[PDB]
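Okay, so here's the structure we're looking at.
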Amino acid sequence: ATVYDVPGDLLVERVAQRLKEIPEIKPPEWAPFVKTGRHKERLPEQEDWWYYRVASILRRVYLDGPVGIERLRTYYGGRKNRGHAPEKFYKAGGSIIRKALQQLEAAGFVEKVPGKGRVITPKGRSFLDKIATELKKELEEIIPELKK
Amino acid sequence: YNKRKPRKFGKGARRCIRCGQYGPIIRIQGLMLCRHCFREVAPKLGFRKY
Amino acid sequence: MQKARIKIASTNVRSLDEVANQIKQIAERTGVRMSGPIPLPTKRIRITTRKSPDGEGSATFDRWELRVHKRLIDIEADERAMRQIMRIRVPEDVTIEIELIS
Amino acid sequence: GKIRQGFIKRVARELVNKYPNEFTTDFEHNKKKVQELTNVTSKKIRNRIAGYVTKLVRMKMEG
Amino acid sequence: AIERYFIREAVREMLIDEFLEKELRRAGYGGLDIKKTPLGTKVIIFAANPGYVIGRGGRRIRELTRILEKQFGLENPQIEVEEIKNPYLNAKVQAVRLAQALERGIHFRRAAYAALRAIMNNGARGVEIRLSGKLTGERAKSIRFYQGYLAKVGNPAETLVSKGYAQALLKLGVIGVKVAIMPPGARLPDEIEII
RNA sequence: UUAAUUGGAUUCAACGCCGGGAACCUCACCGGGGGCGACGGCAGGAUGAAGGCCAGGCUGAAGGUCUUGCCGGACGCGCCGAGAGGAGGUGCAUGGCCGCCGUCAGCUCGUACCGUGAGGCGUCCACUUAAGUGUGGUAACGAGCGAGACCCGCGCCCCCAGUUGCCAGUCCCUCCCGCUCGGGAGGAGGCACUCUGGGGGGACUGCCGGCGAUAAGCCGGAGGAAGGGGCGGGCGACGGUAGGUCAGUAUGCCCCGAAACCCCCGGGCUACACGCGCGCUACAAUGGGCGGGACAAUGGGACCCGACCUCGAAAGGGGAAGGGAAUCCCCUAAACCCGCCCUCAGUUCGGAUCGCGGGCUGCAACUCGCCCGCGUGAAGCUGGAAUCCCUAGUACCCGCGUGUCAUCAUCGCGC
């Protein structure tokens, strides 16, 4: 079983609650005061939003292999209203995801291929697919059809 | 003193090679022609209506 | 083993097919394995322009399109085969680029 | 806008007058015979001539 | 880039076309063609009077050979001059000829009719001559003389009919002439022959 | 109003039009300074320049000029002819181009016929067509342009060939996990589906029945992926509108010639009590905010696409792979739903409007760019007579990209 056999929402929730325990991942002192994206209008509501970002960003490294900062910014970007002018699609912040990637890289879960991106270490794959097969067990019990 | 200043940017930098107007110069892979002059040379360039 | 990658490009389809047939006949007459002519995505250059020469009149526009077509010929390396692609009679509009790949 | 054009109504009459036995009620058959007998390059006009000669051959035996 | 090179070579060839049309108004400039070889650019030109392009002692062509290698930045323009086989089958050539005729004090009805009869005599099929401008007064007028088959609409007309626009200068003004020539060799798509 | 808001254009058919590019340039507007004048005729000539050159001052500026003193060696200009140029002008003085009556359904020619003639039929009538589309009668018969035909792209199928595409099947090798069933991923190697594109077929009132003169053609039916102008266009003839375009090209005519020439710069083309048109948004609980995920596509990229490492919130900086096009990048689409929060309010809507501090570009943006974040929060809480347009991948509605292009468009384009 793998992340590909389980929903993204539940898997990111599991990775977030699990990684909340680890001490290497922590929101920086400027995280609670700076919104997750330029395009955002208000500040984040829940105080766990940092770990979710990590819980998502590593999942991205699980799927795309090599990842850099700008493509992450484009993905996390969104639609912001420009008043009298129309809504426009903008990129998100870069420093937050850069710090999350650095914390994960110190966590050993992700590594850097210079000139190609950030890829996922075998240990990171093991942890992610372990959570995914945990969830697949649970959802097999909830939904027997997932046995197939 | 009778020299025109050297400009790389702006309309004053770009001029149509055929007519000489300072207005509409389409630069799709380097044509340097005005937009209306483009019609008087359309079928010599290989272009075809569709 | 070595291969030569021959990219032919032209506007008129007939000239490109003519040169492809000449290359294929030469490759078969020289008895060289040739990967057949793969027709690559034609590039479509589309230009829109308002037909009004002045600021007066209904806004009418015209779109003109170039369809520039390209083909790929991957042949195996053979000097006797490579000596018979510089002698081919090439129509002017056809452009041929012959590179080598390990 | 069905109406078969004039020059089709003109071509078909001669075509079936010269080679009446050649054509039958089958549309594909008469279409291939139009293709081999005439020099049309437009598939559409070939098939239109085929349709009109199909109907014509059909009327040949009704009276 | 292929897209940055095809258009560049085309536009240079056509700038040469326009430049030579300007330079060869008296020579009945009929057509141009370019070939590229490592030796250089073989420039083929079809004109109605090659002797006029040659002029005297090849002086004129040599001078043209100068302009091309300086004005347009070409590598060895090798200019060869030839004659058009049937100048009455080319719209542009007869258009320029009629423009020159009207520039010579030749009456519009007479000259247009004479050119039409000549082109019909050369084996053409369809002739159209539209003359526009001040013709019989201060006001401007347009008159069209046509003879024979000429379907003006459709893709075939774009592909089989030769068009030519010329402008004739006179003290009263500039007179436009549009010449459309349909040769006999072409075939309209509605023409099916029995066997 | 201003020195300037340059000018062209007037209802349909101008009014996000020229403008598919006003910070200088665009410029054709206003102020200021500076310098051009082809060549003939006459004069000077060269006994030395016509061009620059300081020390300095009048110039926003420069041997521009000025006292100044030299060259560099050699023709400069004064007037009459008369230039080069002119976005200086006259678009009922033109060519072309565009607009609409209009892709409309019409317009023409030979002979014959009628009429003293201006001229009539053909081109008329019944049915029918998108179409002077075709058919039965007709003093007429033949024939041309137009529309049709034709050309482009689109969906169903198949051959040819693939450095597009993949736990399609996948021995062997690599990684991780598990319930040990298998799950997922790469290499090995293959060419499988779409795909890119060289061709052909299919699809055609083809048939059933009816209608219609049994004709044309129409209706309903079935079968077929698709059917009775397959779908959207290119292709709009004859004249008229004395429409607009000489402020682009060719150009009738007139006019200036140190100017009606050219060059440089400050401003203006953005100026407001205002009227009108068109696009963009704000007038919430569908809702605003946090997090997850199903997702394209037209095209483009060389001082560029710029992936990507790293720093800075950040606009971005240092380095940096690959890329001149199914090879790399732009790359994300957007719409949507849910785990959760907020609780019908001119407010947690909405950001205009100010001031602050940073980023990009360019000689420089206060007239005259935007963005990044901060206190701040306008009007607007569903709008009268009247009112324009679309009709099936279509209306509605939602976004991407790119042209022109450092920036400017809320625009046009096209996906």
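So basically every Cβ, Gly included, is an ideal-geometry build from the backbone, and we count neighbours across all protein chains shown. Each value in this text was obtained by applying a stated rule to the coordinates, not by laboratory testing.
Does B:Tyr1 satisfy being within 12 Å of chain C (Cβ to nearest Cβ), over 16 Å from the mean Cα position of the chain (by Cα) and not acidic (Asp, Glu)? When the stated conditions are applied, B:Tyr1 does not pass them. Would you call C:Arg67 within 17 Å of the chain's Cα centre (by Cα) and without any contact (Cβ under 8 Å) to a residue 60 or more places away in the chain? Yes, satisfied.
Every residue in region D:6-49 that is near RNA strand F (Cβ under 8 Å from one of its atoms) and either in contact (Cβ under 8 Å) with a residue 40 or more places away in the chain or more than 13 Å from chain E (Cβ to nearest Cβ) (or both), please.
Across region D:6-49, the qualifying residues are D:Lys9, D:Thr25, D:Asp26, D:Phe27, D:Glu28, D:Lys31, D:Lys32, D:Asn47, D:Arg48.
In the set A:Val54, A:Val12, only one residue is within 6 Å of RNA strand F (Cβ to nearest atom) and within 24 Å of A:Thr133 (Cα to Cα); that residue is A:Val12.
Working only within region B:5-50, note down all residues that are more than 18 Å from C:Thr11 (Cα to Cα), within 6 Å of RNA strand F (Cβ to nearest atom), among the charged types (D, E, K, R) and within 14 Å of chain C (Cβ to nearest Cβ). Residues satisfying the conditions are B:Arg27, B:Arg35.
Of the residues making up region B:32-46, those that are closer than 12 Å to E:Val11 by Cα and either among the polar types (S, T, N, Q) or in contact with a strand residue (DSSP E or B) (Cβ under 8 Å, 6 or more places away or on another chain) (or both) number 6.
Return yes or no: is A:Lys112 more than 14 Å from chain C (Cβ to nearest Cβ), more than 8 Å from RNA strand F (Cβ to nearest atom), of a type outside the set (A, V, I, L, M, F, W, C) and more than 25 Å from A:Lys137 (Cβ to Cβ)? No. Within region E:101-125, the residues that satisfy the criterion of being touching a residue at least 12 places away in the same chain (Cβ under 8 Å), surrounded by fewer than 20 Cβ atoms within 10 Å (Cβ to Cβ) and not aliphatic (A, V, I, L, M) are E:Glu103, E:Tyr113, E:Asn121, E:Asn122, E:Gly123, E:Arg125.
Between E:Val96, E:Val179, which is surrounded by 14 or more Cβ atoms within 10 Å (Cβ to Cβ), touching a residue at least 40 places away in the same chain (Cβ under 8 Å) and either farther than 23 Å from E:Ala27 by Cα or touching an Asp or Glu at 6+ places or on another chain (Cβ under 8 Å) (or both)?
On the way: E:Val96 fails: either farther than 23 Å from E:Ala27 by Cα or touching an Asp or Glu at 6+ places or on another chain (Cβ under 8 Å) (or both).
It is E:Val179.
Look through region C:50-70, keep the residues that are more than 6 Å from RNA strand F (Cβ to nearest atom) and surrounded by 17 or more Cβ atoms within 10 Å (Cβ to Cβ), and return whichever of them is nearest to the other protein chains (Cβ to nearest Cβ).
Let us first name the residues in region C:50-70 that are more than 6 Å from RNA strand F (Cβ to nearest atom), namely C:50, C:59, C:62, C:64-68.
Retained after the next criterion (residues that are surrounded by 17 or more Cβ atoms within 10 Å (Cβ to Cβ)): C:64, C:66, C:68.
On the way: C:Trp64: 4, C:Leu66: 6, C:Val68: 7 Å.
It comes out as C:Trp64.
Scan region D:50-63 for residues that are aliphatic (A, V, I, L, M) and within 14 Å of chain E (Cβ to nearest Cβ) and the total you get is 2.
Would you mind finding the one in E:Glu158, E:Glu80, E:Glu128 that is surrounded by 18 or more Cβ atoms within 10 Å (Cβ to Cβ) and of a type in the set (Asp, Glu)?
Numbers: E:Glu158 fails: surrounded by 18 or more Cβ atoms within 10 Å (Cβ to Cβ); E:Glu80 fails: surrounded by 18 or more Cβ atoms within 10 Å (Cβ to Cβ).
None of the others qualify; the one that does is E:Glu128.
One residue alone among A:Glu29, A:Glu70, A:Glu41, A:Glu47 is within 8 Å of RNA strand F (Cβ to nearest atom) and in a loop (DSSP other than H, G, I, E, B), and that residue is A:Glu41. Please determine, by comparing only the residues of region C:73-93 that are in contact with a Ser or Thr (Cβ under 8 Å, 6 or more places away or on another chain) and away from chain E (no Cβ under 11 Å), which one is surrounded by the fewest Cβ atoms within 10 Å (Cβ to Cβ). Out of the qualifying residues, it is C:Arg80. Take A:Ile97 and decide whether it is over 14 Å from the mean Cα position of the chain (by Cα), crowded, with 20+ Cβ neighbours inside 10 Å and not in a loop (DSSP other than H, G, I, E, B). So A:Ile97 fails the test. Considering (1) more than 6 Å from RNA strand F (Cβ to nearest atom); (2) surrounded by fewer than 20 Cβ atoms within 10 Å (Cβ to Cβ), the lone condition that A:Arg125 does not fulfil carries the number (1). The combined condition, being part of a loop (DSSP other than H, G, I, E, B) and either over 30 Å from B:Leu33 (Cα atoms) or more than 14 Å from chain B (Cβ to nearest Cβ) (or both), is not fulfilled by C:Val19. The set of residues in region A:76-91 being within 6 Å of RNA strand F (Cβ to nearest atom) and part of a loop (DSSP other than H, G, I, E, B) consists of A:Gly77, A:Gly83, A:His84. The requirement of being surrounded by 13 or more Cβ atoms within 10 Å (Cβ to Cβ), over 22 Å from E:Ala166 (Cβ atoms), charged (D, E, K, R) and touching a helix residue (DSSP H, G or I) at 6+ places or on another chain (Cβ under 9 Å) is satisfied by B:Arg48.
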